[PDB]
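Below is one structure, written out as structure tokens, with a few remarks after it.
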Amino acid sequence: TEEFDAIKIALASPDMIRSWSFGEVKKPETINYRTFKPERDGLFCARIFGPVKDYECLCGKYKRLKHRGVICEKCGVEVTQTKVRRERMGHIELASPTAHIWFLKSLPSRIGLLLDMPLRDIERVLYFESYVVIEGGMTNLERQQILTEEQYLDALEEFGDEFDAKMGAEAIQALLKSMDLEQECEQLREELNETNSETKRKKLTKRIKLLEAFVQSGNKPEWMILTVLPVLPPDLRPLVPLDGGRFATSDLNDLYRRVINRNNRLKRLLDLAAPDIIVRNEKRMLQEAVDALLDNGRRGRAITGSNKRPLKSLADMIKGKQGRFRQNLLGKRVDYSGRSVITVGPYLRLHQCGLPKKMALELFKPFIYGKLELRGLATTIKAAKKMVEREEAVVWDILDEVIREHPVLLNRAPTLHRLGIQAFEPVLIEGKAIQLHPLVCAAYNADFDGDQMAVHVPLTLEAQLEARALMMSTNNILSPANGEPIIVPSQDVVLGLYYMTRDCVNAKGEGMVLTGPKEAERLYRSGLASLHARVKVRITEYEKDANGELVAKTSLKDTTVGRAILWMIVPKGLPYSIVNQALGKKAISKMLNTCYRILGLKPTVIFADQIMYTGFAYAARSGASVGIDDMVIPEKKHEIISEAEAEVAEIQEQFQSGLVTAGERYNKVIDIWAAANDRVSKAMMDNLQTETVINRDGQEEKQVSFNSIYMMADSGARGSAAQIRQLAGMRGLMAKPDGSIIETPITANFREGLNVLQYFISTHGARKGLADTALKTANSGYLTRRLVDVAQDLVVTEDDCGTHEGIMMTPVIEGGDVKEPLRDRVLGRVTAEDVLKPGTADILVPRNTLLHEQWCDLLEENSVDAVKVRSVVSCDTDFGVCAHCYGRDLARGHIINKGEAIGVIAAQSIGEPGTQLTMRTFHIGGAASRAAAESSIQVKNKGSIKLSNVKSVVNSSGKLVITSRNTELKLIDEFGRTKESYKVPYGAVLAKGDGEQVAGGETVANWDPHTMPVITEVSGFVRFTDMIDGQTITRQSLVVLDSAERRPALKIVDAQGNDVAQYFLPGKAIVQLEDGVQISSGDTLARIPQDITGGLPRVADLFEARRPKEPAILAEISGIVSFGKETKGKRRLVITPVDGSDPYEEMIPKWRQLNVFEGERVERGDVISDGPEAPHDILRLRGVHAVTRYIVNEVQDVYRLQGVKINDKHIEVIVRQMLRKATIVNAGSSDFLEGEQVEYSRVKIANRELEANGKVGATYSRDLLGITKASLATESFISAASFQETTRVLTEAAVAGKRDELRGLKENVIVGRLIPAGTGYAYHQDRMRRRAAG
Amino acid sequence: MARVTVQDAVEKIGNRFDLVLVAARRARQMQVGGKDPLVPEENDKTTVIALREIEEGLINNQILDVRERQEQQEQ
Amino acid sequence: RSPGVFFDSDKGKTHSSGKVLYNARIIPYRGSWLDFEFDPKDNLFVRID
Amino acid sequence: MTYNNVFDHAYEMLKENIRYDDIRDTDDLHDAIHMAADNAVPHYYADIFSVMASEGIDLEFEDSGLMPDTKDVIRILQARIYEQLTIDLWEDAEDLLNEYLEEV
Amino acid sequence: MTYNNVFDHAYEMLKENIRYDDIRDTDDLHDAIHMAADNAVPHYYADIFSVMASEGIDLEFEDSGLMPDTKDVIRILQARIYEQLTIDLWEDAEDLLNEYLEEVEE
């Protein structure tokens, strides 16, 4: 059959239903309960929907069904279209066509109702007491008015003959036929052009767009009123929610026979010519039966369901019973995939794992049946079923032929990212448990304690190709979210290579003049240990001095035995400086990283496998044990503890003095015991030296020890200092959720004997740390749920992006030292046509290139400041993305290909951090204060500095302070790269004069949060004001006045004998001087002091795009802006004078801060810094650039607090998905001041400027509403609102006449098709090419 | 010969996504019948044979189109 | 919870400023429970069931 | 009982307040409209939650300063209902001042 | 009106989870309830303000530990439906365990 690509839901024509099914139906004797035989014609029985049993008919004659297109006696002869069950439905004939209730009540009166008439009167005239007169004229009333019985009696008395008014929907049909749609649309466009009411605007735009949906839908709205209705199949019904019955005794049959019974009674009473009240009662009960059959007919809260009303609504069985979430949500028959306990397998190279015997004998049972049929060993199927039960040797031979080169999927139940399911190759393992590759544990995020993993068998050949082509563990070496390699050795291979490449002093064997090098043979025979001293062996090495070739060299180097054996592992000549050190997690991870960067993908997998093999084989020969001699006790420890408690006794004397309060004593106890913990940590680190030594004495270090705990602490794989200090020395403080701690912590360790109170208090740390695991799991799942629900309609569809404009890449960090360099951000993304040296007329790339490590080395050896990067949003692509800007796709090495699913990797990259942030970085104490001495703003790196947004304030001293709000510092490192983002406070006291530059030392700022830059530039005494009471009640030499409760700005005094600048209002102002005091310039006049990033709800606040607590009002193009600028009587800060008119005057409710003092002309895009910034105003005025930088840098400032690293490509993809709903200003062809799709707007602009028009429709503004309507902005009904009511969406997409047009990924999950991503997009393009080719 | 990574087959035709459908439509004729493999089997399944036939650079879209027109003309 | 006289400070929950609210909820063995309430304007109220 | 019923109820109460108080000034509409915001909201929580299930009201906020500081749920959604009703009743009160000056 | 459909769907999914995971105790049988609390709850604010408007669920809480502490109302209204569903499905789970031992003739 054909496929489903883009089909509208238009109204079913009566002619299409009469051509769908043809025949006559009378006397509904449908199902006889005592016969169970094929009866006559009826409605919804065995006579309709063809036969009830597969290939036969019981009609009396012609059971072969030669002809087609007749209903002879009791069976359906005509099929003519499809198979037996998927054929036509049937029809019912109504004497009075009733309207559909979903247009009459669209929750509430949304679509299918508006005709310049209220909902309540239309609901009243469809009842029995009122009606609407049609085809009137020559009177005072109109056709839109409502009438009662006496009013219609007076109307027929006055109007006389030719009066027409029907109780049913036929008068609505005649009124809808009489009203012209085009003339009504013209009148509503004229009313939109003439009227000015704001509530009228949205109503008229909804009316115009609905009538345009009716016009360009090409269909009659009178098809909304149901005249002939098809029925549904009886086996389409599921079972009842109560106990198990039959299909004929279901809940729908009573409502169906009620509707058919009222229809036949209407036919009989119209053939009998009943009076008016009887036929109106018949039409009323028929309309009530139709309205009860379609929906439940609820009006309000619906306080109680009427004793489980049987099938009240059709929408309830479409949405709830059958399930809108039908595919891939309940789980749906996993079908030869099962669970077992995961064990480790120390063999079977990376693209291989283990599988149990009695499980793999069962997993390939149809494959065993098929191969026994193919080889001719089993004649029948029962013979094969017996040969499986006998379990003889040839069955195991066939099973070995099955498992030999066949893939499989291993799939844990928490898959927070894509590497939770990985494809491998099964090998038979004796037992019932699964052996896994040892190094896949960080990608699985679980340890070997009995965790389970489903074993999905690829059943089709294409699934085998999907497993061996995309989902293997050898295909994915890097992580798909960071770029860090995911395969990392964990404490086995790490300890083996740490013991392998460990040096010693004066061991056996010295001066090894060797060739080959072959240092393992004398280790194996006699006289040589693997930890020997520096011997000179000959080590050959390959290099890449020739492009595409290998340059071999030969040199003798001083090394150890284990490094010489480790060089035999290394293929094709890696650089020697990475294996000439001690190997921990960092060193082995950097070795694997450089091996992946240099050798590619094929040597690094066998390199990692052979590193794992030699690490296992030499950690087995190591034999590290943890004994009582390994744990060491510091010899001064008790003394330190004594000193500690002595200091506590001194504080206790202060506790008897009366000079130290409770919190100060608590902080002193925390500081003293933390200093004692630091002293015992340094004493333990000194005592780890010289424990297990070789026979050598008199040296300085004296043979650094080989106990296991110092090897694990120095290796840094799992042994960290925070647990070695808890093993030996002092444990210190604990963690309590109440926020307090004891005043005499644990003095002993786990080497010595603890007290009962010490263990009783140390239990609280486990009580605090245990509750973190179960919490915030469902919230982290729901965040990823919404991020997929907002970003499922993006796939790669083209090849070239075709732009010159992109997001400018600037190196920015947090406060303090450097956090992320520029080279991590330049690597990846494809740059634009122009990158610049500081020398003129010098370029690097002609147009573009694939940025790998050689271009990073070229940019590292040269000087670069800013990199122009081709990127998102800008150069939008119709029906998807070209994604040429998406360069260097992670976990693979190649150029980007078409059909890659983008967006579902984004939510897995955002959702990959854990359940709760850990930013305490210490114990429960620490004495975290606001500021110890000062804020300490200075420069660290060399280079000249540049100050941004500063002034020239006249001062008496040599330094020049500033009074600005925003101040930035630019630093010269290579060619203008700053690499130092120091948060300068608003109006910081600068110790350096403005206009001078210096590099190295000379700290330019010294700010204290107690002052305020409100000074005088001209020397002179204070301006005399009036001192009145009432303004001295302000909060955080006396204060005189206050501008908040009413310091206002006055004229500055310019003379020492005469009583004669601009003073802004920060919100709090306290006068620190007296009127009439001789003061000089640059002195204290009046000083008093007065965004939020980080958190797991902060991520939700970022990706929901909610409005902050304090919104910001930006500045447009140039106009005269100054304090007051003709403010009104109330609601201050209204800017009326603007040069260049621009009639845009905003009204501020006086809550906001004073905006500007300097900058009498401004530009579109100036910052105002009114607390948090409003992203929608920056999107409307500045553009996509600052909003993208704002969201991406706030996401990175959230991520850097914990150390997790996620590339900005996924976040910018989510930002691209959140930039729909483009609202226009200039009216276009088919739109007027509304919001539509961005791609449709680009298509309309291209069709305007292409052939005929000059410019019709332009200057559109984007929206950043966030998560609510952007997830509902999918313009296909199959994933418009899947959670919400189904028929509510279906009615809107039926009247609107919208097309699906195949963009989306969850769309073909809800419907069920080949998804247009990966290899499915290849099948889509092959079908679209074979359709055009023939 | 156990194939580790199909990337050397991607060097011939680089999409990573056409390779699955091309190998599938090549291997259906060898799985059903009426065709002979150009590469002898190394005691494996037809999947590894399809990966190695794409890796050697013998079968692409043009050869499949020519052989499809030849089988339609011969039938 | 054994029958007797209980006390709680409520940590400024229903007002959210940081002022404490002391209560004396009497507990019977069976029947209705009686609790006392402090107001932000420094008054008393009674909660029953 | 949907959002349109509460909308028509607030419209009728605002018409009654303009007819009673006889206000022809735009700044003097502060005492009426908030009372029109006060008497149009329901007290039963199910009657509150039934309005939110219909179209005409949204969850987004125009101003965050109107939201109080509480730990519950019904107070925030109730203040959202007050905010949406006042945003409707400003543009309704303009047209009702026009109809009151053009009616009598 | 709509809470009954969510209750019946949760009962059906929890019956299928205990039928599939075939465990036969009352101490370890909670992960099937975690399947019912994470799947049967509605996603967005439309059904959440629609189900709670119907009868069967109240605002008050049975256990103090399951109440979330956040300023977003939608998380608290989802955890409300989850906690009420677990409390209303514990006894129904034990009833279908009592019916479960002799249900299918095997």
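Ordering of the structure tokens sets the chain letters (A, B, ...); residue numbers start at 1 within each chain; ligands are numbered from 1 in the order shown.
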Per-residue nearest contacts of chain D to chain A (10 Å; only C-alpha atoms) as CSV:
residue,atom,partner,partner_atom,distance
D:1,CA,A:300,CA,4.3
D:2,CA,A:300,CA,6.8
D:3,CA,A:108,CA,8.1
D:4,CA,A:108,CA,7.5
D:5,CA,A:108,CA,9.7
D:46,CA,A:301,CA,7.3
D:47,CA,A:301,CA,7.0
D:48,CA,A:301,CA,9.9
D:49,CA,A:301,CA,8.9
D:50,CA,A:301,CA,6.0
D:51,CA,A:301,CA,9.0
D:53,CA,A:107,CA,9.0
D:54,CA,A:107,CA,6.3
D:55,CA,A:108,CA,6.9
D:56,CA,A:108,CA,8.9
D:58,CA,A:1268,CA,9.4
D:59,CA,A:1268,CA,8.7
D:60,CA,A:1106,CA,7.4
D:61,CA,A:1107,CA,7.0
D:62,CA,A:1107,CA,7.7
D:63,CA,A:1107,CA,7.9
D:64,CA,A:1109,CA,5.2
D:65,CA,A:1109,CA,6.7
D:66,CA,A:1109,CA,9.9
D:67,CA,A:1109,CA,9.5
D:88,CA,A:199,CA,8.2
D:91,CA,A:198,CA,6.5
D:92,CA,A:199,CA,7.4
D:94,CA,A:197,CA,8.5
D:95,CA,A:197,CA,7.2
Residue selection dump (N, CA, C and O atoms) as a short mmCIF file (atom, residue, chain, number, x, y, z; two decimals), in the first residue's frame:
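The resulting file, result-v3.cif, is shown below:
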data_model
loop_
_atom_site.label_atom_id
_atom_site.label_comp_id
_atom_site.auth_asym_id
_atom_site.auth_seq_id
_atom_site.Cartn_x
_atom_site.Cartn_y
_atom_site.Cartn_z
N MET D 1 -19.41 26.10 32.95
CA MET D 1 -18.51 27.01 33.65
C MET D 1 -17.12 26.98 33.05
O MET D 1 -16.31 26.10 33.36
N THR D 2 -16.84 27.93 32.17
CA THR D 2 -15.55 28.04 31.49
C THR D 2 -14.98 29.43 31.76
O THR D 2 -15.49 30.18 32.60
N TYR D 3 -13.91 29.78 31.03
CA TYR D 3 -13.32 31.10 31.18
C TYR D 3 -14.21 32.18 30.58
O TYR D 3 -14.18 33.33 31.05
N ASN D 4 -15.00 31.84 29.56
CA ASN D 4 -15.88 32.82 28.94
C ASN D 4 -17.04 33.19 29.85
O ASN D 4 -17.53 34.33 29.80
N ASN D 5 -17.48 32.27 30.71
CA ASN D 5 -18.53 32.59 31.68
C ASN D 5 -18.03 33.56 32.73
O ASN D 5 -18.74 34.51 33.09
N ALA D 46 -12.44 23.69 42.89
CA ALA D 46 -12.76 22.98 41.66
C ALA D 46 -13.32 23.94 40.61
O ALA D 46 -13.10 23.76 39.41
N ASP D 47 -14.05 24.97 41.06
CA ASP D 47 -14.51 26.01 40.14
C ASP D 47 -13.35 26.87 39.67
O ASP D 47 -13.41 27.47 38.59
N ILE D 48 -12.29 26.97 40.48
CA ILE D 48 -11.06 27.62 40.04
C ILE D 48 -10.35 26.78 38.99
O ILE D 48 -9.94 27.27 37.93
N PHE D 49 -10.21 25.47 39.26
CA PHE D 49 -9.45 24.59 38.38
C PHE D 49 -10.20 24.25 37.10
O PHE D 49 -9.56 23.84 36.12
N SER D 50 -11.52 24.41 37.07
CA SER D 50 -12.27 24.15 35.85
C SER D 50 -12.10 25.26 34.82
O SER D 50 -12.25 25.02 33.62
N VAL D 51 -11.80 26.48 35.28
CA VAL D 51 -11.55 27.59 34.37
C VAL D 51 -10.21 27.40 33.67
O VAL D 51 -10.06 27.69 32.47
N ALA D 53 -8.82 24.69 32.73
CA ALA D 53 -8.88 23.63 31.73
C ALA D 53 -9.41 24.11 30.38
O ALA D 53 -9.39 23.35 29.41
N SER D 54 -9.89 25.35 30.30
CA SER D 54 -10.41 25.92 29.06
C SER D 54 -9.42 26.92 28.48
O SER D 54 -8.43 27.29 29.11
N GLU D 55 -9.71 27.37 27.26
CA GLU D 55 -8.87 28.34 26.58
C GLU D 55 -9.30 29.75 26.93
O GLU D 55 -10.47 29.99 27.25
N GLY D 56 -8.36 30.69 26.86
CA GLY D 56 -8.64 32.07 27.19
C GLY D 56 -7.74 32.59 28.29
O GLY D 56 -7.58 33.81 28.45
N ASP D 58 -3.83 31.84 30.32
CA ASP D 58 -2.52 31.24 30.17
C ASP D 58 -1.79 31.22 31.51
O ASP D 58 -2.24 31.81 32.49
N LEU D 59 -0.65 30.54 31.53
CA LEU D 59 0.15 30.39 32.73
C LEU D 59 1.26 31.43 32.83
O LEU D 59 1.76 31.68 33.94
N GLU D 60 1.63 32.07 31.72
CA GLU D 60 2.69 33.07 31.73
C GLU D 60 2.25 34.33 32.47
O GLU D 60 1.05 34.62 32.58
N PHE D 61 3.23 35.07 32.98
CA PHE D 61 2.99 36.24 33.80
C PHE D 61 3.47 37.49 33.08
O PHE D 61 4.56 37.49 32.49
N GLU D 62 2.67 38.55 33.13
CA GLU D 62 3.09 39.83 32.58
C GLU D 62 4.03 40.56 33.53
O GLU D 62 5.06 41.09 33.12
N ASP D 63 3.68 40.58 34.82
CA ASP D 63 4.51 41.20 35.85
C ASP D 63 4.69 40.20 36.98
O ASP D 63 3.72 39.61 37.45
N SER D 64 5.94 40.02 37.41
CA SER D 64 6.25 39.11 38.50
C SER D 64 6.07 39.74 39.88
O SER D 64 6.06 39.01 40.87
N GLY D 65 5.93 41.06 39.95
CA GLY D 65 5.72 41.72 41.23
C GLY D 65 4.32 41.58 41.79
O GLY D 65 4.12 41.82 42.98
N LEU D 66 3.35 41.20 40.95
CA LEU D 66 1.99 40.99 41.44
C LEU D 66 1.82 39.63 42.10
O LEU D 66 0.86 39.43 42.85
N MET D 67 2.73 38.70 41.84
CA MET D 67 2.65 37.39 42.46
C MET D 67 3.12 37.47 43.92
O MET D 67 4.20 38.00 44.19
N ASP D 88 -7.76 41.72 31.01
CA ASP D 88 -8.97 41.80 30.19
C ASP D 88 -9.79 43.04 30.52
O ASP D 88 -10.31 43.71 29.62
N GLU D 91 -8.94 46.75 28.96
CA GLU D 91 -9.41 46.96 27.59
C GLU D 91 -10.92 46.82 27.50
O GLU D 91 -11.54 47.36 26.58
N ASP D 92 -11.54 46.11 28.45
CA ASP D 92 -12.99 46.10 28.51
C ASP D 92 -13.53 47.41 29.07
O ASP D 92 -14.58 47.89 28.62
N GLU D 94 -12.21 50.40 28.85
CA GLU D 94 -12.12 51.45 27.83
C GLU D 94 -13.35 51.44 26.92
O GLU D 94 -14.00 52.48 26.70
N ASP D 95 -13.71 50.25 26.41
CA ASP D 95 -14.87 50.13 25.54
C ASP D 95 -16.17 50.37 26.30
O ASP D 95 -17.15 50.85 25.73
#
Which residues are close to residue 61 of chain E, i.e. within 12 Å by only C-alpha atoms, leaving aside same-chain residues fewer than 3 positions away? Reply as a PyMOL selection string.
chain E and resi 57-58+64-68+76-77+79-87
Atom CA of residue 530 of chain A and atom CA of residue 631 of chain A, how far apart in Å?
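So the answer is 25.3 Å.
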With only C-alpha atoms counted and 12 Å as the cut-off, give the residues of chain E in contact with chain D, each with its shortest interatomic distance in Å and the pair that gives it, as a tab-separated table.
residue	atom	partner	partner_atom	distance
E:1	CA	D:50	CA	11.9
E:2	CA	D:53	CA	11.7
E:44	CA	D:53	CA	11.0
E:45	CA	D:53	CA	8.2
E:46	CA	D:53	CA	5.4
E:47	CA	D:53	CA	7.1
E:48	CA	D:53	CA	8.3
E:49	CA	D:49	CA	5.4
E:50	CA	D:53	CA	5.2
E:51	CA	D:49	CA	8.9
E:52	CA	D:49	CA	7.1
E:53	CA	D:46	CA	4.6
E:54	CA	D:46	CA	7.2
E:55	CA	D:46	CA	8.7
E:56	CA	D:46	CA	11.5
E:57	CA	D:46	CA	10.6
E:58	CA	D:45	CA	10.0
E:59	CA	D:73	CA	9.3
E:60	CA	D:72	CA	10.9
E:67	CA	D:72	CA	11.0
E:68	CA	D:71	CA	10.1
E:69	CA	D:71	CA	7.7
E:70	CA	D:71	CA	7.7
E:71	CA	D:71	CA	7.1
E:72	CA	D:73	CA	8.5
E:73	CA	D:73	CA	5.6
E:74	CA	D:73	CA	8.7
E:75	CA	D:73	CA	10.1
E:76	CA	D:73	CA	7.6
E:77	CA	D:73	CA	7.9
E:78	CA	D:73	CA	11.5
E:80	CA	D:73	CA	10.8
Selection export as a compact mmCIF listing (two decimals), in the first residue's frame, atoms kept: N, CA, C and O atoms:
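Dumped everything to selection.txt:
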# COMPACT_ATOMS: atom_id res chain seq x y z
N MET E 1 -14.57 12.65 36.68
CA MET E 1 -14.88 12.59 35.26
C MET E 1 -13.66 12.16 34.45
O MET E 1 -13.77 11.33 33.55
N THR E 2 -12.51 12.73 34.78
CA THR E 2 -11.27 12.41 34.08
C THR E 2 -10.28 11.72 35.02
O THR E 2 -9.32 11.09 34.56
N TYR E 44 1.27 17.90 30.86
CA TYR E 44 1.25 19.35 30.91
C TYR E 44 0.03 19.84 31.68
O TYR E 44 -0.78 19.05 32.18
N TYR E 45 -0.12 21.17 31.73
CA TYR E 45 -1.00 21.80 32.71
C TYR E 45 -2.47 21.63 32.36
O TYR E 45 -3.34 21.83 33.22
N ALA E 46 -2.78 21.26 31.11
CA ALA E 46 -4.18 21.16 30.69
C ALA E 46 -4.91 20.03 31.41
O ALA E 46 -5.92 20.27 32.09
N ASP E 47 -4.41 18.80 31.29
CA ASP E 47 -5.03 17.69 32.00
C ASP E 47 -4.79 17.76 33.50
O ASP E 47 -5.60 17.25 34.28
N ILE E 48 -3.70 18.40 33.93
CA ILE E 48 -3.41 18.50 35.36
C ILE E 48 -4.41 19.42 36.05
O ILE E 48 -4.95 19.08 37.12
N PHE E 49 -4.74 20.55 35.43
CA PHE E 49 -5.84 21.36 35.95
C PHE E 49 -7.20 20.77 35.58
O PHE E 49 -8.22 21.21 36.13
N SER E 50 -7.25 19.80 34.67
CA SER E 50 -8.51 19.16 34.34
C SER E 50 -8.83 17.96 35.23
O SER E 50 -9.99 17.75 35.58
N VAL E 51 -7.82 17.17 35.61
CA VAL E 51 -8.06 16.00 36.45
C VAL E 51 -8.34 16.41 37.89
O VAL E 51 -9.25 15.88 38.54
N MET E 52 -7.59 17.40 38.40
CA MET E 52 -7.75 17.80 39.79
C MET E 52 -9.06 18.56 40.01
O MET E 52 -9.59 18.60 41.13
N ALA E 53 -9.62 19.14 38.94
CA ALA E 53 -10.95 19.72 39.02
C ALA E 53 -12.01 18.65 39.22
O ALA E 53 -13.05 18.90 39.85
N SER E 54 -11.78 17.45 38.70
CA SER E 54 -12.69 16.34 38.92
C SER E 54 -12.49 15.75 40.31
O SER E 54 -11.49 16.01 40.98
N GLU E 55 -13.46 14.94 40.74
CA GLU E 55 -13.43 14.34 42.07
C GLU E 55 -12.40 13.22 42.17
O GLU E 55 -11.94 12.71 41.14
N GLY E 56 -12.05 12.83 43.39
CA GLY E 56 -11.14 11.72 43.63
C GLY E 56 -9.79 12.12 44.20
O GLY E 56 -9.09 11.25 44.73
N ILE E 57 -9.42 13.39 44.11
CA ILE E 57 -8.12 13.86 44.58
C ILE E 57 -8.32 15.13 45.39
O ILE E 57 -9.22 15.94 45.11
N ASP E 58 -7.52 15.29 46.44
CA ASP E 58 -7.58 16.45 47.32
C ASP E 58 -6.22 17.12 47.38
O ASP E 58 -5.23 16.62 46.83
N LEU E 59 -6.18 18.27 48.06
CA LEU E 59 -4.94 19.05 48.13
C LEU E 59 -4.06 18.60 49.29
O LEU E 59 -2.83 18.71 49.22
N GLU E 60 -4.67 18.07 50.35
CA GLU E 60 -3.92 17.70 51.54
C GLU E 60 -3.10 16.43 51.30
O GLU E 60 -3.45 15.60 50.46
N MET E 67 6.27 15.50 49.66
CA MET E 67 5.87 16.83 49.21
C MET E 67 7.09 17.59 48.70
O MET E 67 8.06 17.76 49.44
N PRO E 68 7.07 18.07 47.45
CA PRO E 68 8.21 18.84 46.94
C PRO E 68 8.19 20.27 47.46
O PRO E 68 7.17 20.79 47.91
N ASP E 69 9.36 20.90 47.39
CA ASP E 69 9.56 22.27 47.85
C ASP E 69 10.16 23.08 46.71
O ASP E 69 11.38 23.12 46.53
N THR E 70 9.30 23.74 45.93
CA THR E 70 9.73 24.57 44.82
C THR E 70 8.70 25.67 44.60
O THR E 70 7.60 25.65 45.16
N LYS E 71 9.07 26.65 43.77
CA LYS E 71 8.17 27.75 43.45
C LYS E 71 7.33 27.49 42.21
O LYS E 71 6.32 28.17 42.00
N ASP E 72 7.72 26.52 41.38
CA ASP E 72 6.91 26.15 40.23
C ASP E 72 5.72 25.32 40.68
O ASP E 72 5.87 24.35 41.43
N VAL E 73 4.53 25.71 40.23
CA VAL E 73 3.32 25.03 40.68
C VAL E 73 3.13 23.69 39.97
O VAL E 73 2.48 22.79 40.52
N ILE E 74 3.70 23.53 38.78
CA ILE E 74 3.42 22.34 37.98
C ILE E 74 4.14 21.11 38.53
O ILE E 74 3.60 20.00 38.44
N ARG E 75 5.30 21.29 39.17
CA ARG E 75 5.99 20.17 39.80
C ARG E 75 5.23 19.66 41.01
O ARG E 75 5.10 18.45 41.22
N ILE E 76 4.69 20.59 41.81
CA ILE E 76 3.91 20.21 42.99
C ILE E 76 2.59 19.57 42.57
O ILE E 76 2.15 18.58 43.18
N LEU E 77 1.97 20.07 41.51
CA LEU E 77 0.73 19.47 41.04
C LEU E 77 0.94 18.12 40.35
O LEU E 77 0.01 17.31 40.32
N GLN E 78 2.13 17.86 39.82
CA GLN E 78 2.43 16.53 39.30
C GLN E 78 2.75 15.54 40.43
O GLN E 78 2.30 14.39 40.40
N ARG E 80 1.61 15.78 43.38
CA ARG E 80 0.32 15.55 44.02
C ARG E 80 -0.40 14.35 43.42
O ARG E 80 -0.86 13.46 44.15
Which residues of chain C are close to chain D, meaning at most 9 Å apart when you count only C-alpha atoms, and how do they look as a list in words?
residues 13, 14, 15 and 16 of chain C
List the neighbours of residue 495 of chain A out to 10 Å using only C-alpha atoms; skip same-chain residues closer than 6 positions along the sequence, and give me the result as number ranges by chain.
A: 489, 501, 583-585, 615-616, 618-619, 622, 624, 708, 711-712, 715-717
At a cut-off of 10 Å, using only C-alpha atoms, what residues contact residue 28 of chain B? Leave out same-chain residues fewer than 5 positions from it and give the result as a PyMOL selection string.
(chain A and resi 461) or (chain B and resi 23+33+35+46)
Can you list, as a ChimeraX atom specification, every protein, DNA or RNA residue that comes within 10 Å of segment 14-21 of chain D when you count only C-alpha atoms, leaving out same-chain residues fewer than 6 positions away?
/D:8,29,31-37,40,89,92-93,96-97,99-100
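Among E:30, E:24, E:19, E:9, the residue with the shortest atom-to-atom distance to chain A, counting only C-alpha atoms, is E:9.
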Write out as a list in words which residues come within 9 Å of residue 43 of chain B when counting only C-alpha atoms, dropping same-chain ones fewer than 3 positions away.
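Final neighbour list, sorted by chain and number: residues 401, 404 and 405 of chain A; 1 of chain B.
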Can those selected residues be exported to a file as a short mmCIF file (atom, residue, chain, number, x, y, z; two decimals), in the first residue's frame so that it contains N, CA and C atoms?
data_model
loop_
_atom_site.label_atom_id
_atom_site.label_comp_id
_atom_site.auth_asym_id
_atom_site.auth_seq_id
_atom_site.Cartn_x
_atom_site.Cartn_y
_atom_site.Cartn_z
N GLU A 401 27.10 -21.58 14.54
CA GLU A 401 27.00 -20.92 13.24
C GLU A 401 26.11 -19.67 13.32
N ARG A 404 28.13 -16.70 15.46
CA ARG A 404 29.50 -16.49 14.97
C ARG A 404 29.83 -15.06 14.56
N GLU A 405 29.01 -14.45 13.70
CA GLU A 405 29.23 -13.07 13.28
C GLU A 405 27.94 -12.26 13.28
N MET B 1 36.92 -12.82 8.96
CA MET B 1 37.40 -11.48 9.29
C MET B 1 36.33 -10.67 10.00
#
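By chain and then residue number, the residues within 7 Å of segment 984-998 of chain A are residues 944, 945, 952, 958, 959, 960, 961, 962, 963, 964, 965, 966, 967, 968, 1004, 1005, 1006, 1007 and 1013 of chain A, counting only C-alpha atoms and disregarding those fewer than 3 positions away in sequence.
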